[PDB]
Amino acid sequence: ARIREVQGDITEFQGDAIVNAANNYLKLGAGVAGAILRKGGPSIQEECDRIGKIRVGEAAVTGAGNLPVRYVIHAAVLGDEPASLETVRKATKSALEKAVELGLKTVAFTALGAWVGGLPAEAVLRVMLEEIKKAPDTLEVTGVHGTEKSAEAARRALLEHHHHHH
């Protein structure tokens, strides 16, 4: 695709949809995911109840409640099975396919939060980048970080990718 790394509150992201690290149970929990449920409303989590449960590595889509976005894409990285880079690579790949299917234009990823979870951050970020760059250019993606520092670190990675890809 085409990604832009920034520091912000994804619940403030104006666009079509936001993407968040999830557990295949689709049960919204800690950190920013909670902000989502907080800003969005009971609609989000309840949509998940109805949807049911999925497979780690896959993603599911719900409304965004009050959020400025139309949808919330839930990439499953842990749950019935332990999380891992391939669990991230896959989950991330599905999240994108979801948006494509929905024919979306703008989508933001929560950055490295519930995406790491014990794994090497520098690694997660990279496998996550690569997948995003494989996504259709009809997609304008934004990597939103809580902290400006990580925002640069992503920019540093994003640059390393563009370098060895001529």
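Note that residue numbering follows the sequence shown and begins at 1.
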(request) State which stretch shows the higher mean Cα B factor in the entry: 140-148 or 6-14. (result) 6-14
(request) Could you settle it for me: does 97-105 or 114-122 have the higher average Cα B factor in the PDB entry? (result) 114-122
(request) Have a look at 61, 129, 28, 135 and flag the one whose Cα has the highest B-factor in the entry. (result) 28
(request) Pull the Cα B-factor of residue 37 out of the PDB entry and bin it into the chain's lowest, middle or highest third. (result) lowest
(request) Sort the modelled residues of this chain by their C-alpha B factor and say whether residue 153 lands in the lowest, middle or highest third. (result) lowest
(request) Quick one: classify residue 75 as lowest, middle or highest third of the chain based on its Cα B-factor. (result) middle
